[PDB]
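Quick note: numbers below take in every heavy atom, side chains included, and nothing from hydrogens, waters or symmetry partners. Throughout, residue positions are numbered sequentially from 1 according to the sequence presented.
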Amino acid sequence: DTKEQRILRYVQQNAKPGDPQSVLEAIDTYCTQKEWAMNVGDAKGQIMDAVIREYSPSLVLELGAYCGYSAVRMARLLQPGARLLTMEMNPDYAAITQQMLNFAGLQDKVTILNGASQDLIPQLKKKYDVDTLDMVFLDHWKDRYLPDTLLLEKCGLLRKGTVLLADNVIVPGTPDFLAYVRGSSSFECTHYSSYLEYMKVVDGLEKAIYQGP
Ligand SMILES: CCCNc1ncnc2c1ncn2[C@@H]1O[C@H](/C=C/CNC(=O)c2cc(-c3ccc(F)cc3)cc(O)c2O)[C@@H](O)[C@H]1O
Ligand SMILES: [Cl-]
Ligand SMILES: [Mg+2]
């Protein structure tokens with residue numbers, strides 16, 4: 001048995017089927033009264049919600065699905081016809097994310113891509129029929145935010161106005177990523193101070209809007 005399986009089971013037993021909000025609530029409740037887990041969480045999730053609503057992205061890429069909390073959170077706010085692609089290298093977690101999304105009734109808005117971002121990103125145009133991304137949410141291994149951002153650029157997947165939203169830029173921290181988007185003329189950046197999921201440790205998200213090269 002694993003922590004991720006317990007979280008799924010808790011949602012399946014307590015949340016309301018086909019109700020994405022009840023899924024988020026049940027995951028938060030589990031993590032608030034039982035085992036901590038690395039979901040973006042409710043505080044940072046409010047900022048995520050705000051960004052999704054403001055920019056109304058038709059195509060979103062998520063790096064790092066984990067239990068699918070962020071996938072549920074973004075997907076539930078997407079406009080009809082809009083789509084989310086989520087990359088997850090761990091097949092156990094990909095399987096959990098799929099069951100979470102199924103439960104939430106969001107399976108038709110989300111496609112889970114299995115594998116590591118550095119290998120999937122270069123297949124997006126040919127294999128998954130992507131032109132450009134409107135939004136990217138980064139929440140995978142922290143030392144990979146910068147390399148994956150450069151890879152997305154190199155592959156021609158960013159357009160002017162593409163919104164990158166990055167979790168955990170303070171804790172655990174993505175100092176290299178921040179130095180890059182804040183120093184580069186190719187991004188205009190806005191920092192959102194909040195709190196780490198399920199506690200009062202200060203963390204934040206960085207919003208970095210691609211300007212073109
Ligand atoms: C080298 C491969 C990089 N490419 C990748 N491609 C696809 N999926 C990837 C992935 N890397 C990681 N993943 C997956 O993303 C998820 C990993 C996320 C890493 N997250 C964290 O480390 C993290 C950690 C904390 C944390 C904060 C404070 C603390 F004391 C302890 C932990 C808080 C967070 O909000 C976090 O997001 C997993 O599901 C993993 O399988
Ligand atoms: Cl929270
Ligand atoms: Mg995170």
Side-chain angles (χ1 to χ4, degrees), residues 1-15 17-28 30-31 34-41 44-45 48 52 57 59-78 82-130 133-145 147-149 151-152 155 157 164-168 172 174 197-198:
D1 192 34
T2 68
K3 166 213 257 172
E4 298 77 18
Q5 285 174 297
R6 293 188 286 285
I7 291 174
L8 182 52
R9 210 160 282 135
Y10 183 89
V11 167
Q12 288 167 154
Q13 293 293 297
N14 299 286
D19 180 333
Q21 198 65 35
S22 68
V23 172
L24 299 176
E25 288 168 2
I27 292 172
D28 288 347
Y30 185 88
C31 292
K34 291 183 188 312
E35 307 176 278
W36 186 86
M38 74 197 173
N39 310 122
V40 74
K44 288 186 281 168
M48 172 180 286
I52 290 291
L59 182 51
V60 175
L61 174 62
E62 164 177 57
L63 304 182
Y66 187 46
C67 285
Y69 181 94
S70 294
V72 165
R73 185 154 210 128
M74 290 187 282
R76 90 192 197 286
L77 295 183
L78 293 171
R83 297 299 174 253
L84 174 72
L85 301 177
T86 191
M87 292 175 178
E88 175 53 54
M89 79 189 180
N90 182 321
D92 297 324
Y93 302 167
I96 288 147
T97 294
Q98 191 59 252
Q99 291 296 324
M100 205 67 83
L101 285 176
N102 296 173
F103 193 95
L106 285 181
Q107 65 289 166
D108 296 335
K109 288 175 202 271
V110 181
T111 308
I112 300 167
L113 300 180
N114 300 85
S117 54
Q118 68 272 12
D119 301 312
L120 288 164
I121 283 170
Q123 300 182 334
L124 280 184
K125 287 189 182 231
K126 74 105 74 209
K127 273 216 170 183
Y128 302 96
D129 201 49
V130 168
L133 306 162
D134 307 304
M135 183 168 158
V136 179
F137 183 60
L138 303 91
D139 195 23
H140 61 326
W141 298 144
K142 308 316 163 202
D143 62 334
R144 307 304 307 172
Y145 286 29
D148 286 350
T149 297
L151 188 62
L152 294 162
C155 292
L157 289 157
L164 312 194
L165 191 65
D167 196 26
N168 307 116
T174 61
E197 56 259 35
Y198 315 122

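Side-chain atoms of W36 come within 3.5 Å of backbone atoms of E197 as a donor-acceptor pair (strictly under, hydrogens ignored).
Side-chain atoms of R144 and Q118 include no donor-acceptor pair closer than 3.5 Å. Side-chain contact, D28 with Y198: a donor N or O sits under 3.5 Å from an acceptor N or O. In this model, no donor atom of one side chain and acceptor atom of the other lie less than 3.5 Å apart for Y66 and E88.
The nearest pair of heavy atoms linking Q107 to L101 is NE2-O, 3.5 Å. Counting all heavy atoms, side chain and backbone alike, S70 lies closest to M48 at OG-CE, 3.9 Å. Residues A94 and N114 approach most closely at CB-ND2, 3.3 Å, considering heavy atoms.
The distance between the ring centers of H140 and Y145 falls below 6.0 angstrom.
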Derivation of the side-chain contact (heavy atoms from CB on, under 4.5 Å) call for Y10 and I27: CA-CA 8 Å; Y10 183 89; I27 292 172; over 6 Å; no
Trace of the side-chain hydrogen bond (donor to acceptor under 3.5 Å, both in side chains) decision for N102 with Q98: CA-CA 6 Å; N102 296 173; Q98 191 59 252; 3.0 Å; yes
Worked check of side-chain contact (heavy atoms from CB on, under 4.5 Å) between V110 and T97: CA-CA 10 Å; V110 181; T97 294; 5.9 Å; no
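Salt bridge status for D1 with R9: present, with a side-chain N to carboxylate O gap under 4.0 Å.
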